[PDB]
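Student: Sharing my_file02.cif below, mmCIF, C-alpha atoms and all ligand atoms:
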data_my_file
#
loop_
_atom_site.label_atom_id
_atom_site.label_comp_id
_atom_site.auth_asym_id
_atom_site.auth_seq_id
_atom_site.Cartn_x
_atom_site.Cartn_y
_atom_site.Cartn_z
CA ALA A 1 88.77 207.53 123.30
CA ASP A 2 88.17 210.48 125.62
CA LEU A 3 85.23 210.81 127.99
CA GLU A 4 82.94 212.85 125.72
CA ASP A 5 83.53 210.37 122.88
CA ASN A 6 82.57 207.48 125.15
CA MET A 7 79.46 209.38 126.27
CA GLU A 8 78.54 209.91 122.62
CA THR A 9 78.92 206.15 122.06
CA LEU A 10 76.71 205.41 125.08
CA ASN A 11 74.07 207.88 123.92
CA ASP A 12 74.18 206.84 120.24
CA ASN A 13 73.78 203.16 121.05
CA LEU A 14 71.07 203.73 123.65
CA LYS A 15 69.03 205.36 120.88
CA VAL A 16 69.83 202.45 118.55
CA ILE A 17 68.37 200.15 121.22
CA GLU A 18 65.18 202.18 121.70
CA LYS A 19 64.52 202.06 117.96
CA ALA A 20 65.74 198.53 117.42
CA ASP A 21 63.63 195.82 115.80
CA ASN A 22 65.80 192.69 116.13
CA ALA A 23 67.98 191.16 118.83
CA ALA A 24 71.14 191.40 116.73
CA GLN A 25 70.95 195.21 116.69
CA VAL A 26 70.41 195.25 120.46
CA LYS A 27 73.21 192.76 121.21
CA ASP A 28 75.64 194.75 119.06
CA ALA A 29 74.63 198.07 120.64
CA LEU A 30 74.91 196.82 124.23
CA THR A 31 78.32 195.35 123.43
CA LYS A 32 79.54 198.76 122.22
CA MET A 33 78.06 200.39 125.34
CA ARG A 34 79.95 197.95 127.56
CA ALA A 35 83.22 198.88 125.85
CA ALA A 36 82.43 202.61 126.11
CA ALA A 37 81.63 202.34 129.82
CA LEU A 38 84.89 200.49 130.50
CA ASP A 39 86.83 203.09 128.51
CA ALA A 40 85.09 205.93 130.36
CA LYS A 41 86.25 204.48 133.69
CA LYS A 42 89.79 205.60 132.91
CA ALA A 43 88.75 209.23 132.32
CA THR A 44 88.62 212.27 134.58
CA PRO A 45 85.52 214.45 134.10
CA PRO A 46 86.23 218.20 133.78
CA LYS A 47 84.48 218.95 137.09
CA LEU A 48 86.90 216.50 138.77
CA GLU A 49 90.21 217.28 137.04
CA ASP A 50 91.00 219.23 140.24
CA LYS A 51 91.30 216.21 142.55
CA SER A 52 93.52 213.21 143.06
CA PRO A 53 92.24 210.43 140.76
CA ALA A 54 91.95 208.58 144.08
CA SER A 55 89.64 211.19 145.64
CA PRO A 56 86.33 209.80 146.97
CA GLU A 57 84.55 211.66 144.19
CA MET A 58 86.74 209.97 141.57
CA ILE A 59 86.11 206.57 143.14
CA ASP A 60 82.38 207.37 143.18
CA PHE A 61 82.72 208.28 139.50
CA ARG A 62 84.38 204.97 138.60
CA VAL A 63 81.96 202.89 140.69
CA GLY A 64 79.13 204.63 138.80
CA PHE A 65 80.38 202.93 135.66
CA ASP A 66 80.53 199.59 137.50
CA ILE A 67 76.87 200.04 138.41
CA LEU A 68 76.17 200.86 134.75
CA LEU A 69 78.14 197.78 133.64
CA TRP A 70 76.12 195.39 135.79
CA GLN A 71 72.91 196.87 134.35
CA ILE A 72 74.25 196.51 130.80
CA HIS A 73 75.13 192.92 131.73
CA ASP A 74 71.52 192.14 132.61
CA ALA A 75 70.29 193.69 129.34
CA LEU A 76 72.89 191.95 127.18
CA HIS A 77 71.91 188.59 128.64
CA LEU A 78 68.29 189.30 127.68
CA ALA A 79 69.37 190.30 124.17
CA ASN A 80 71.42 187.10 123.91
CA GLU A 81 68.29 185.14 124.84
CA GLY A 82 66.35 186.99 122.11
CA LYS A 83 64.12 188.74 124.71
CA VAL A 84 64.17 191.91 122.62
CA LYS A 85 61.41 193.84 124.42
CA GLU A 86 62.77 192.94 127.87
CA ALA A 87 66.28 193.99 126.81
CA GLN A 88 64.95 197.35 125.63
CA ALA A 89 63.22 197.72 129.00
CA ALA A 90 66.44 196.86 130.83
CA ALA A 91 68.30 199.36 128.64
CA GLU A 92 65.78 202.07 129.53
CA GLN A 93 66.53 201.41 133.21
CA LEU A 94 70.12 202.48 132.48
CA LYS A 95 69.06 206.13 132.42
CA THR A 96 68.54 206.23 136.19
CA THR A 97 72.25 205.51 136.51
CA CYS A 98 73.04 208.00 133.74
CA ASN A 99 71.01 210.69 135.52
CA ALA A 100 72.51 210.05 138.96
CA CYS A 101 76.10 210.35 137.74
CA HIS A 102 75.27 213.42 135.64
CA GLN A 103 73.64 215.17 138.60
CA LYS A 104 76.90 214.83 140.55
CA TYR A 105 79.71 215.11 138.00
CA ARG A 106 78.52 216.47 134.64
CA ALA B 1 99.71 185.71 144.68
CA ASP B 2 102.13 188.07 142.95
CA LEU B 3 101.60 189.57 139.51
CA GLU B 4 104.13 187.20 137.90
CA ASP B 5 102.29 184.14 139.17
CA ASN B 6 98.89 185.48 138.05
CA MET B 7 100.28 186.09 134.56
CA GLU B 8 101.55 182.51 134.48
CA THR B 9 98.05 181.35 135.45
CA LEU B 10 96.42 183.45 132.73
CA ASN B 11 98.87 182.25 130.07
CA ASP B 12 98.78 178.57 131.06
CA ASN B 13 94.99 178.32 131.22
CA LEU B 14 94.69 180.12 127.90
CA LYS B 15 96.77 177.27 126.49
CA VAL B 16 94.55 174.72 128.28
CA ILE B 17 91.49 176.25 126.62
CA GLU B 18 93.06 176.07 123.15
CA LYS B 19 93.77 172.34 123.56
CA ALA B 20 90.51 171.52 125.37
CA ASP B 21 88.18 168.72 124.28
CA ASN B 22 85.07 169.35 126.38
CA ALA B 23 83.19 172.21 128.01
CA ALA B 24 84.10 171.24 131.59
CA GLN B 25 87.80 171.69 130.80
CA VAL B 26 87.09 175.14 129.31
CA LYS B 27 84.86 176.13 132.24
CA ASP B 28 87.52 175.12 134.80
CA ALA B 29 90.29 177.00 132.99
CA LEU B 30 88.23 180.19 132.57
CA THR B 31 87.21 180.15 136.24
CA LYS B 32 90.90 180.05 137.19
CA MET B 33 91.64 182.92 134.80
CA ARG B 34 88.89 185.02 136.37
CA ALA B 35 90.42 184.49 139.82
CA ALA B 36 93.91 185.34 138.54
CA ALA B 37 92.74 188.54 136.81
CA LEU B 38 91.01 189.72 139.99
CA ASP B 39 94.13 189.04 142.04
CA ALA B 40 96.33 190.81 139.45
CA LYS B 41 94.17 193.92 139.84
CA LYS B 42 95.65 194.36 143.32
CA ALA B 43 99.24 194.52 142.03
CA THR B 44 101.55 197.36 141.14
CA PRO B 45 103.42 196.46 137.95
CA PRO B 46 107.19 197.09 138.01
CA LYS B 47 106.91 199.83 135.35
CA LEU B 48 104.65 201.87 137.68
CA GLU B 49 106.42 201.15 140.98
CA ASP B 50 108.21 204.51 140.92
CA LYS B 51 105.05 206.52 140.12
CA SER B 52 102.31 207.78 142.40
CA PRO B 53 99.81 205.09 143.47
CA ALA B 54 97.21 207.75 142.57
CA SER B 55 98.47 208.02 139.00
CA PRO B 56 96.09 207.70 136.03
CA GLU B 57 98.36 204.89 134.80
CA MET B 58 97.48 202.75 137.81
CA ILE B 59 93.78 203.32 137.15
CA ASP B 60 94.28 202.37 133.47
CA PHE B 61 96.14 199.22 134.59
CA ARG B 62 93.25 198.13 136.82
CA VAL B 63 90.66 198.90 134.16
CA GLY B 64 92.66 196.68 131.79
CA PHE B 65 91.73 193.75 134.00
CA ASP B 66 88.07 194.82 134.07
CA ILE B 67 88.15 194.67 130.26
CA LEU B 68 89.69 191.18 130.46
CA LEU B 69 87.14 190.07 133.08
CA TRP B 70 84.17 191.02 130.89
CA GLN B 71 85.62 189.05 127.99
CA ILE B 72 86.28 186.09 130.33
CA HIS B 73 82.63 186.45 131.38
CA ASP B 74 81.39 185.97 127.81
CA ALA B 75 83.59 182.93 127.19
CA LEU B 76 82.58 181.34 130.49
CA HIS B 77 78.89 181.67 129.66
CA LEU B 78 79.49 179.94 126.32
CA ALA B 79 81.33 177.14 128.13
CA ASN B 80 78.48 176.82 130.66
CA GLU B 81 76.13 176.33 127.66
CA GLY B 82 78.39 173.58 126.30
CA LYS B 83 79.48 175.55 123.22
CA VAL B 84 83.10 174.43 123.19
CA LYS B 85 84.34 175.93 119.92
CA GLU B 86 82.50 179.21 120.56
CA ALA B 87 84.01 179.46 124.05
CA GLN B 88 87.43 178.69 122.55
CA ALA B 89 87.00 181.47 119.98
CA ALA B 90 85.87 183.88 122.71
CA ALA B 91 88.95 182.97 124.75
CA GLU B 92 91.25 183.57 121.78
CA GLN B 93 89.85 187.13 121.64
CA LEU B 94 91.37 187.71 125.11
CA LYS B 95 94.80 188.07 123.50
CA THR B 96 93.94 191.50 122.11
CA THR B 97 93.50 192.77 125.67
CA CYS B 98 96.57 190.89 126.92
CA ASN B 99 98.73 192.55 124.28
CA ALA B 100 97.11 195.99 124.63
CA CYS B 101 98.07 196.08 128.32
CA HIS B 102 101.53 194.65 127.59
CA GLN B 103 102.32 197.38 125.08
CA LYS B 104 101.70 199.89 127.88
CA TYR B 105 102.84 198.37 131.17
CA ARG B 106 104.92 195.24 130.58
CA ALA C 1 74.36 204.36 152.20
CA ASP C 2 77.24 203.97 154.61
CA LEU C 3 79.43 200.90 154.90
CA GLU C 4 77.68 199.43 157.92
CA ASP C 5 74.26 199.72 156.27
CA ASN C 6 75.60 197.97 153.18
CA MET C 7 77.07 195.22 155.37
CA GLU C 8 73.71 194.81 157.10
CA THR C 9 72.07 194.43 153.68
CA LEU C 10 74.68 191.84 152.68
CA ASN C 11 74.28 189.93 155.94
CA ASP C 12 70.47 190.08 156.01
CA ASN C 13 70.07 188.90 152.43
CA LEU C 14 72.61 186.10 152.78
CA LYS C 15 70.37 184.78 155.58
CA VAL C 16 67.31 185.07 153.33
CA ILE C 17 69.10 183.00 150.69
CA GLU C 18 70.12 180.29 153.18
CA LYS C 19 66.44 179.91 154.22
CA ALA C 20 64.89 180.34 150.80
CA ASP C 21 62.63 177.73 149.28
CA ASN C 22 62.05 179.19 145.80
CA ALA C 23 64.11 180.90 143.12
CA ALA C 24 62.38 184.30 143.33
CA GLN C 25 63.41 184.68 146.98
CA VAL C 26 67.02 183.97 146.00
CA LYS C 27 66.99 186.17 142.89
CA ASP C 28 65.62 189.17 144.79
CA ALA C 29 68.10 188.75 147.65
CA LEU C 30 71.13 188.43 145.39
CA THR C 31 70.02 191.51 143.44
CA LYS C 32 69.99 193.56 146.65
CA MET C 33 73.40 192.12 147.58
CA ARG C 34 74.83 193.20 144.23
CA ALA C 35 73.64 196.77 144.82
CA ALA C 36 75.02 196.80 148.37
CA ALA C 37 78.43 195.48 147.29
CA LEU C 38 78.72 198.16 144.61
CA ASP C 39 77.80 200.86 147.13
CA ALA C 40 80.29 199.52 149.69
CA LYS C 41 83.05 199.95 147.09
CA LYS C 42 82.74 203.73 147.57
CA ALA C 43 83.49 203.55 151.32
CA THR C 44 86.62 203.93 153.40
CA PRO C 45 86.62 201.44 156.29
CA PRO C 46 87.57 202.88 159.70
CA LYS C 47 90.71 200.70 159.82
CA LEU C 48 91.96 202.35 156.60
CA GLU C 49 91.07 205.99 157.29
CA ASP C 50 94.81 206.59 157.89
CA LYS C 51 95.84 205.20 154.48
CA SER C 52 96.20 207.07 151.23
CA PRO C 53 93.07 206.59 149.09
CA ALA C 54 95.08 204.72 146.42
CA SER C 55 97.15 202.74 148.92
CA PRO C 56 97.48 198.99 148.23
CA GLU C 57 95.17 198.34 151.20
CA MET C 58 92.39 200.54 149.78
CA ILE C 59 92.82 198.87 146.38
CA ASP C 60 92.67 195.45 148.07
CA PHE C 61 89.48 196.58 149.85
CA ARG C 62 87.79 197.65 146.60
CA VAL C 63 88.89 194.56 144.69
CA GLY C 64 87.46 192.39 147.47
CA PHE C 65 84.04 193.66 146.44
CA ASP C 66 84.81 192.87 142.79
CA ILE C 67 85.54 189.29 143.89
CA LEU C 68 82.26 189.26 145.82
CA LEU C 69 80.38 190.68 142.81
CA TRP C 70 81.58 187.94 140.45
CA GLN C 71 80.51 185.28 142.94
CA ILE C 72 77.13 187.02 143.31
CA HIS C 73 76.99 186.97 139.50
CA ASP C 74 77.35 183.18 139.36
CA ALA C 75 74.74 182.60 142.09
CA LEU C 76 72.29 184.98 140.43
CA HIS C 77 72.53 183.23 137.06
CA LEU C 78 71.84 179.90 138.78
CA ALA C 79 68.81 181.42 140.53
CA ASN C 80 67.61 182.81 137.17
CA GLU C 81 67.74 179.25 135.78
CA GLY C 82 65.69 177.98 138.72
CA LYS C 83 68.57 175.97 140.24
CA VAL C 84 67.78 176.92 143.82
CA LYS C 85 70.02 174.53 145.75
CA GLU C 86 72.90 175.29 143.37
CA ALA C 87 72.37 179.03 143.82
CA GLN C 88 72.31 178.55 147.59
CA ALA C 89 75.61 176.63 147.49
CA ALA C 90 77.10 179.43 145.37
CA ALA C 91 75.91 182.03 147.88
CA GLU C 92 77.48 180.00 150.70
CA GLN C 93 80.81 180.34 148.83
CA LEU C 94 80.54 184.11 149.36
CA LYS C 95 81.43 183.66 153.02
CA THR C 96 85.08 182.91 152.24
CA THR C 97 85.34 186.42 150.76
CA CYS C 98 83.34 188.04 153.59
CA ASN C 99 85.58 186.39 156.20
CA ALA C 100 88.82 187.17 154.34
CA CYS C 101 88.02 190.87 154.05
CA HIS C 102 86.92 191.10 157.69
CA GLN C 103 90.12 189.41 158.82
CA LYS C 104 92.11 192.17 157.11
CA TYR C 105 90.01 195.32 157.52
CA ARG C 106 87.33 195.11 160.21
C1 LIG A 201 79.31 208.64 135.61
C2 LIG A 201 79.51 207.50 136.30
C3 LIG A 201 78.45 208.67 134.32
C4 LIG A 201 77.59 207.74 133.84
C5 LIG A 201 77.14 206.39 134.44
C6 LIG A 201 77.09 208.22 132.58
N1 LIG A 201 77.67 209.45 132.33
FE1 LIG A 201 77.33 210.64 130.67
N2 LIG A 201 78.64 212.01 131.32
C7 LIG A 201 79.35 211.93 132.51
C8 LIG A 201 80.14 213.14 132.60
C9 LIG A 201 81.08 213.48 133.77
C10 LIG A 201 79.93 213.89 131.52
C11 LIG A 201 80.57 215.27 131.20
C12 LIG A 201 81.76 215.07 130.26
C13 LIG A 201 82.34 216.42 129.88
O1 LIG A 201 83.49 216.47 129.37
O2 LIG A 201 81.65 217.46 130.08
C14 LIG A 201 78.97 213.19 130.68
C15 LIG A 201 78.48 213.62 129.47
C16 LIG A 201 77.49 213.00 128.73
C17 LIG A 201 76.91 213.49 127.50
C18 LIG A 201 77.32 214.81 126.81
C19 LIG A 201 78.57 214.52 126.00
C20 LIG A 201 79.18 215.80 125.47
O3 LIG A 201 79.74 215.78 124.35
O4 LIG A 201 79.10 216.84 126.17
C21 LIG A 201 75.99 212.61 127.09
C22 LIG A 201 75.12 212.72 125.82
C23 LIG A 201 75.94 211.52 128.05
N3 LIG A 201 76.88 211.79 129.03
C24 LIG A 201 75.12 210.41 127.99
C25 LIG A 201 75.13 209.37 128.89
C26 LIG A 201 74.32 208.17 128.79
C27 LIG A 201 73.29 207.92 127.66
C28 LIG A 201 74.59 207.39 129.86
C29 LIG A 201 74.04 206.00 130.27
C30 LIG A 201 73.58 205.11 129.38
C31 LIG A 201 75.62 208.07 130.63
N4 LIG A 201 75.93 209.28 130.02
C32 LIG A 201 76.17 207.57 131.79
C33 LIG A 201 79.30 210.91 133.45
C34 LIG A 201 78.53 209.76 133.36
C1 LIG A 202 97.32 194.67 132.29
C2 LIG A 202 96.07 195.15 132.50
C3 LIG A 202 97.56 193.22 131.79
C4 LIG A 202 96.72 192.36 131.19
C5 LIG A 202 95.23 192.53 130.77
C6 LIG A 202 97.44 191.15 130.93
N1 LIG A 202 98.73 191.29 131.38
FE1 LIG A 202 100.26 189.94 131.18
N2 LIG A 202 101.48 191.20 132.22
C7 LIG A 202 101.18 192.47 132.66
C8 LIG A 202 102.37 192.98 133.29
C9 LIG A 202 102.44 194.39 133.93
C10 LIG A 202 103.35 192.06 133.23
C11 LIG A 202 104.79 192.18 133.79
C12 LIG A 202 104.84 191.48 135.15
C13 LIG A 202 106.23 191.53 135.75
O1 LIG A 202 106.37 191.44 137.01
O2 LIG A 202 107.20 191.66 134.97
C14 LIG A 202 102.80 190.91 132.54
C15 LIG A 202 103.50 189.76 132.26
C16 LIG A 202 103.03 188.66 131.57
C17 LIG A 202 103.75 187.44 131.20
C18 LIG A 202 105.23 187.05 131.47
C19 LIG A 202 105.70 187.49 132.86
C20 LIG A 202 105.79 186.40 133.89
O3 LIG A 202 104.76 185.73 134.16
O4 LIG A 202 106.90 186.22 134.49
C21 LIG A 202 102.89 186.64 130.55
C22 LIG A 202 103.20 185.25 129.96
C23 LIG A 202 101.61 187.30 130.49
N3 LIG A 202 101.73 188.53 131.12
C24 LIG A 202 100.48 186.78 129.90
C25 LIG A 202 99.28 187.42 129.81
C26 LIG A 202 98.10 186.89 129.17
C27 LIG A 202 98.06 185.51 128.45
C28 LIG A 202 97.12 187.80 129.26
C29 LIG A 202 95.66 187.73 128.74
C30 LIG A 202 94.94 186.60 128.85
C31 LIG A 202 97.63 188.92 130.02
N4 LIG A 202 98.95 188.66 130.33
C32 LIG A 202 96.91 190.04 130.31
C33 LIG A 202 99.97 193.11 132.52
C34 LIG A 202 98.84 192.56 131.94
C1 LIG A 203 85.82 193.91 152.17
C2 LIG A 203 86.12 193.77 150.85
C3 LIG A 203 84.52 193.28 152.76
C4 LIG A 203 83.75 192.29 152.25
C5 LIG A 203 83.92 191.46 150.95
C6 LIG A 203 82.66 192.06 153.17
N1 LIG A 203 82.79 192.94 154.23
FE1 LIG A 203 81.52 193.01 155.86
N2 LIG A 203 82.65 194.51 156.59
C7 LIG A 203 83.80 195.04 156.04
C8 LIG A 203 84.31 196.04 156.94
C9 LIG A 203 85.58 196.89 156.70
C10 LIG A 203 83.49 196.12 157.99
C11 LIG A 203 83.68 197.07 159.20
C12 LIG A 203 82.75 198.26 159.02
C13 LIG A 203 82.83 199.17 160.23
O1 LIG A 203 82.42 200.35 160.12
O2 LIG A 203 83.31 198.70 161.30
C14 LIG A 203 82.43 195.14 157.82
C15 LIG A 203 81.39 194.91 158.69
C16 LIG A 203 80.43 193.93 158.54
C17 LIG A 203 79.35 193.64 159.45
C18 LIG A 203 79.12 194.41 160.78
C19 LIG A 203 78.43 195.73 160.43
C20 LIG A 203 78.23 196.53 161.70
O3 LIG A 203 77.07 196.64 162.15
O4 LIG A 203 79.23 197.05 162.24
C21 LIG A 203 78.62 192.65 158.94
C22 LIG A 203 77.36 192.01 159.56
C23 LIG A 203 79.20 192.26 157.68
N3 LIG A 203 80.31 193.06 157.46
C24 LIG A 203 78.74 191.28 156.85
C25 LIG A 203 79.34 190.91 155.66
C26 LIG A 203 78.89 189.83 154.81
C27 LIG A 203 77.70 188.90 155.14
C28 LIG A 203 79.72 189.76 153.76
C29 LIG A 203 79.71 188.81 152.54
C30 LIG A 203 78.54 188.54 151.92
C31 LIG A 203 80.67 190.84 153.88
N4 LIG A 203 80.44 191.52 155.07
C32 LIG A 203 81.68 191.11 152.99
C33 LIG A 203 84.39 194.69 154.84
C34 LIG A 203 83.92 193.70 154.01
FE FE A 204 76.55 186.91 133.18
#
Could you quickly redo this structure as structure tokens?
Ligand code: HEC
Ligand code: HEC
Ligand code: HEC
Ligand SMILES: [Fe+2]
Tutor:
Amino acid sequence: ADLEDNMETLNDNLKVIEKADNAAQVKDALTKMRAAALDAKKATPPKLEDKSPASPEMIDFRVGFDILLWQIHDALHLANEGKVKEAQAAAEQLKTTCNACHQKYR
Amino acid sequence: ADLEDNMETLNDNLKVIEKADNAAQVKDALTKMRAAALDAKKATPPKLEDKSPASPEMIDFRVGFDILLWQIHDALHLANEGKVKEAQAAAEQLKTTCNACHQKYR
Amino acid sequence: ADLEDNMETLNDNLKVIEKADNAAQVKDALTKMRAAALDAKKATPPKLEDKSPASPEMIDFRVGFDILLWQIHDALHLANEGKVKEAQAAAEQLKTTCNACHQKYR
């Protein structure tokens, strides 16, 4: 999918997690977010389509998704353990990473 | 190692996992696959040798291995928990990613 | 932060882990190492400032941190399970990657 579609997936599933009641919903949502973040890594944001995909900004863009992926990893492990409230708290910490990339490249 | 040898390692250890009896065999094989996937990420596949190193195709190639590595991650955790058949099923799900990359770059 | 600051964080926290007596010391140190390794991925080392940003050497540099991150991952899970000596042995295994990257690019 393209970048905006992956962002919609990330946003949709983050809201599923906030409102979630059971670990299965959270595990499923974080799994879709992991796939969306990996797919987004291969995109070029519109404010960067004017650089080499190897520019330092583009590498900063892709590493931003690696940072997001390690945070999703921590949350998905909590969801796998059934720690539903802790997983929701780890998922809320994602938005710092969301906000930092948006400030630079959105 | 070269890309050919890493692909041999991936394929051979995938077979080892299918025939495995115990979790230590699955854990050992998956750990070798993780190392091979990381090493493969450094390669330029023959289909892309005559394109720019800064091409979006090279980025998509490397992200293909990130996708594989996160699926290897899930299987390896199952093996570390002693869940042999679940780890084996998670490893069989690698083949979707193997083939998706092959359709593009093999 | 710049590359040298990230290296100082990696080096300082590896020493903390070697001297740690409890799992919380190790968990906190590895968590800072993970953040530093991800940040270092954005850098261009002085020895490679003359290379194209997507050159095989720059790719090798960035994948070296991916290798480091998966080893940090294993050590951090062991620390989270309270296996302190095991987590310390896993962190000692990081040095092979530190030394291999320095041999090539420092
Ligand atoms: C960079 C590393 C990013 C991270 C991490 C996240 N987002 Fe993002 N997002 C990014 C860009 C460059 C853009 C602009 C895309 C464009 O074509 O304009 C976006 C966009 C969004 C949007 C709006 C989508 C749209 O249709 O316009 C949303 C709702 C969004 N992003 C949400 C979001 C969430 C919830 C994130 C973390 C969980 C997140 N983004 C991370 C770049 C990056
Ligand atoms: C891209 C991101 C790939 C992923 C994921 C996997 N493979 Fe692959 N493979 C890829 C390429 C570009 C090539 C051609 C290499 C060449 O030099 O020709 C291959 C090749 C193979 C082969 C046969 C080639 C050989 O080793 O001589 C096998 C058996 C193979 N690949 C297996 C394999 C498996 C089992 C994978 C998933 C677990 C897998 N590959 C993923 C690119 C990519
Ligand atoms: C490449 C993939 C590297 C890995 C993995 C590690 N390091 Fe590193 N380190 C790297 C470079 C290119 C440099 C040179 C930076 C420069 O500007 O000269 C370094 C440097 C260091 C230093 C010295 C920092 C300074 O004050 O100049 C230290 C103390 C250091 N690195 C430690 C270190 C440790 C402990 C690592 C593993 C945990 C490690 N590095 C990995 C490249 C890479
Ligand atoms: Fe994990």
Student: Excluding residue 38 in chain A and residues on its chain fewer than 4 positions from it, collect all residues at most 8 Å away from it, counting all atoms listed in the file, and give them as a short mmCIF file (atom, residue, chain, number, x, y, z; two decimals) with C-alpha atoms, in the frame of the given file.
Tutor:
data_model
loop_
_atom_site.label_atom_id
_atom_site.label_comp_id
_atom_site.auth_asym_id
_atom_site.auth_seq_id
_atom_site.Cartn_x
_atom_site.Cartn_y
_atom_site.Cartn_z
CA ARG A 34 79.95 197.95 127.56
CA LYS A 42 89.79 205.60 132.91
CA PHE A 65 80.38 202.93 135.66
CA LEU A 69 78.14 197.78 133.64
CA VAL B 63 90.66 198.90 134.16
CA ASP B 66 88.07 194.82 134.07
CA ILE B 67 88.15 194.67 130.26
#
Student: Which residues form the shell of 9 Å around ligand LIG 202 (chain A) when you count all atoms listed in the file, given as a short mmCIF file (atom, residue, chain, number, x, y, z; two decimals) with C-alpha atoms, keeping the file's coordinate frame?
Tutor:
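And here is the file that came out, pocket_35.cif:
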data_model
loop_
_atom_site.label_atom_id
_atom_site.label_comp_id
_atom_site.auth_asym_id
_atom_site.auth_seq_id
_atom_site.Cartn_x
_atom_site.Cartn_y
_atom_site.Cartn_z
CA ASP B 2 102.13 188.07 142.95
CA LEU B 3 101.60 189.57 139.51
CA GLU B 4 104.13 187.20 137.90
CA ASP B 5 102.29 184.14 139.17
CA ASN B 6 98.89 185.48 138.05
CA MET B 7 100.28 186.09 134.56
CA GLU B 8 101.55 182.51 134.48
CA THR B 9 98.05 181.35 135.45
CA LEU B 10 96.42 183.45 132.73
CA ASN B 11 98.87 182.25 130.07
CA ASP B 12 98.78 178.57 131.06
CA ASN B 13 94.99 178.32 131.22
CA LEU B 14 94.69 180.12 127.90
CA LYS B 15 96.77 177.27 126.49
CA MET B 33 91.64 182.92 134.80
CA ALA B 37 92.74 188.54 136.81
CA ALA B 40 96.33 190.81 139.45
CA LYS B 41 94.17 193.92 139.84
CA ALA B 43 99.24 194.52 142.03
CA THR B 44 101.55 197.36 141.14
CA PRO B 45 103.42 196.46 137.95
CA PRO B 46 107.19 197.09 138.01
CA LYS B 47 106.91 199.83 135.35
CA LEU B 48 104.65 201.87 137.68
CA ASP B 60 94.28 202.37 133.47
CA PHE B 61 96.14 199.22 134.59
CA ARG B 62 93.25 198.13 136.82
CA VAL B 63 90.66 198.90 134.16
CA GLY B 64 92.66 196.68 131.79
CA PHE B 65 91.73 193.75 134.00
CA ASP B 66 88.07 194.82 134.07
CA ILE B 67 88.15 194.67 130.26
CA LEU B 68 89.69 191.18 130.46
CA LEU B 69 87.14 190.07 133.08
CA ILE B 72 86.28 186.09 130.33
CA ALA B 91 88.95 182.97 124.75
CA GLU B 92 91.25 183.57 121.78
CA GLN B 93 89.85 187.13 121.64
CA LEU B 94 91.37 187.71 125.11
CA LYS B 95 94.80 188.07 123.50
CA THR B 96 93.94 191.50 122.11
CA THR B 97 93.50 192.77 125.67
CA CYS B 98 96.57 190.89 126.92
CA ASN B 99 98.73 192.55 124.28
CA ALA B 100 97.11 195.99 124.63
CA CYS B 101 98.07 196.08 128.32
CA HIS B 102 101.53 194.65 127.59
CA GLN B 103 102.32 197.38 125.08
CA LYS B 104 101.70 199.89 127.88
CA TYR B 105 102.84 198.37 131.17
CA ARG B 106 104.92 195.24 130.58
#
Student: Nearest to ligand FE 204 (chain A): which of A:21, A:39, A:74, A:49 is it, counting all atoms listed in the file?
Tutor: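 Residue with the minimum atom-to-atom distance to ligand FE 204 (chain A): A:74.
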Student: Between A:84, A:59, A:54, A:75, which residue has the minimum interatomic distance to chain B, considering all atoms listed in the file?
Tutor: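 So, comparing all the options, the nearest one is A:54.
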Student: In Å, rounded to a single decimal, give me how far CA of residue 89 in chain C is from CA of residue 73 in chain B.
Tutor: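 Value for the CA of residue 73 in chain B-CA of residue 89 in chain C distance: 20.1 Å.
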Student: Have a look at CA of residue 58 in chain A and atom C12 of ligand LIG 203 (chain A) and let me know their distance in Å, one decimal.
Tutor: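 Distance between the two atoms: 21.4 Å.
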Student: Name all residues at most 12 Å from residue 25 in chain A (count only C-alpha atoms; drop same-chain ones fewer than 6 positions away) and give them as an MDAnalysis selection string.
Tutor: chainID A and resid 13:19 31:32 76 79:80 82 84 87:88
Student: CA of residue 30 in chain B and CA of residue 29 in chain A, how far apart in Å?
Tutor: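 Atom-to-atom, CA of residue 29 in chain A and CA of residue 30 in chain B are spaced 25.4 Å apart.
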Student: Ranking A:90, A:24, A:78, A:36 by minimum distance to ligand FE 204 (chain A) and counting only C-alpha atoms and all ligand atoms, which one comes first?
Tutor: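 Using only C-alpha atoms and all ligand atoms, the shortest distance to ligand FE 204 (chain A) belongs to A:78.
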Student: Around all listed atoms of range 22-27 of chain B, padded 8 Å per side, what centre and edge lengths does the axis-aligned box have in Å to one decimal, as AutoDock Vina command-line options?
Tutor:
--center_x 85.5 --center_y 172.7 --center_z 129.3 --size_x 20.6 --size_y 22.8 --size_z 21.9
